[PDB]
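See structure below.
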Amino acid sequence: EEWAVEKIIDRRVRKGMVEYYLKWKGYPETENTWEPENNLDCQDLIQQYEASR
Amino acid sequence: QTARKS
């Protein structure tokens, strides 16, 4: 399903899709995962990441 | 502020 995102750590393009490397709220860093942008409902975090980089 | 996994 869906899980709370703490922060976006990094961004890449893979296979033509933008992916974001996510720290999940309440999970260790070992659980960080790359997710395609369409998996996120994180408009505030994405715009803050994309403006501060 | 949520996301789907994989």
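Each chain in the structure tokens gets a letter, A, B, ..., in the order shown, and its residues are numbered from 1; ligands are numbered from 1 in order too.
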
Report as a list in words: the residues of chain A with a DSSP assignment of strand (DSSP E), based on the backbone of this structure. residues 2, 3, 4, 5, 6, 7, 8, 9, 10, 11, 12, 13, 14, 17, 18, 19, 20, 21, 22, 23, 24, 33, 34, 35, 36, 40 and 41 of chain A

Define the interface residues of chain A facing chain B as those within 7 Å, counting only C-alpha atoms, and report them as JSON, numbers by chain. {"A": [1, 2, 3, 4, 5, 35, 39, 40, 41, 42]}

Would you mind exporting C-alpha atoms of the selected residues as a short mmCIF file (atom, residue, chain, number, x, y, z; two decimals), in the first residue's frame?
data_model
loop_
_atom_site.label_atom_id
_atom_site.label_comp_id
_atom_site.auth_asym_id
_atom_site.auth_seq_id
_atom_site.Cartn_x
_atom_site.Cartn_y
_atom_site.Cartn_z
CA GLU A 1 0.00 0.00 0.00
CA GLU A 2 1.16 3.48 0.99
CA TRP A 3 3.65 4.57 3.64
CA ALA A 4 4.75 7.86 5.16
CA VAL A 5 7.82 9.42 3.53
CA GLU A 35 10.69 4.67 -6.22
CA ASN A 39 4.57 6.22 -6.70
CA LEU A 40 4.86 9.41 -4.63
CA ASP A 41 2.10 11.57 -3.19
CA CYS A 42 4.68 14.03 -1.89
#

Skipping near chain neighbours, those fewer than 3 positions away, what residues fall within 8 Å of residue 24 (chain A) using only C-alpha atoms, listed as a PyMOL selection string? chain A and resi 3-7+27-29+31-32

Write the residues you've just listed into a file as a compact mmCIF listing (two decimals), in the first residue's frame, and include N, CA and C atoms for each of them.
# COMPACT_ATOMS: atom_id res chain seq x y z
N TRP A 3 2.93 4.35 2.40
CA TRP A 3 3.65 4.57 3.64
C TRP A 3 4.14 6.00 3.72
N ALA A 4 4.29 6.49 4.94
CA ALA A 4 4.75 7.86 5.16
C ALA A 4 6.21 8.01 4.75
N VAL A 5 6.48 9.07 3.99
CA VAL A 5 7.82 9.42 3.53
C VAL A 5 8.38 10.49 4.44
N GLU A 6 9.62 10.28 4.91
CA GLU A 6 10.29 11.28 5.73
C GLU A 6 10.97 12.34 4.86
N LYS A 7 11.76 11.92 3.88
CA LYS A 7 12.48 12.86 3.04
C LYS A 7 12.93 12.16 1.76
N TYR A 27 11.26 3.88 9.62
CA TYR A 27 12.04 2.73 9.18
C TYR A 27 13.51 3.09 9.10
N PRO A 28 14.41 2.14 9.34
CA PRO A 28 15.85 2.44 9.26
C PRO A 28 16.29 2.79 7.85
N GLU A 29 17.47 3.42 7.77
CA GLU A 29 18.05 3.79 6.48
C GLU A 29 18.25 2.57 5.59
N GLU A 31 16.20 0.48 4.89
CA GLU A 31 14.98 0.28 4.12
C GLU A 31 14.77 1.35 3.06
N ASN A 32 15.70 2.29 2.89
CA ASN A 32 15.54 3.29 1.84
C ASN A 32 15.42 2.60 0.49

How many Å lie between CA of residue 18 (chain A) and CA of residue 38 (chain A), rounded to one decimal? 8.7 Å

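Distance-wise, CA of residue 53 (chain A) and CA of residue 30 (chain A) end up 23.7 Å apart.
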
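Nearest residue to residue 36 (chain A), choosing from A:49, A:17, A:22, A:11 and counting only C-alpha atoms: A:17.
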
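What separates CA of residue 47 (chain A) from CA of residue 25 (chain A) is a distance of 18.7 Å.
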
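Distance check against residue 52 (chain A) using only C-alpha atoms: of A:26, A:34, A:13, A:8, the minimum falls on A:8.
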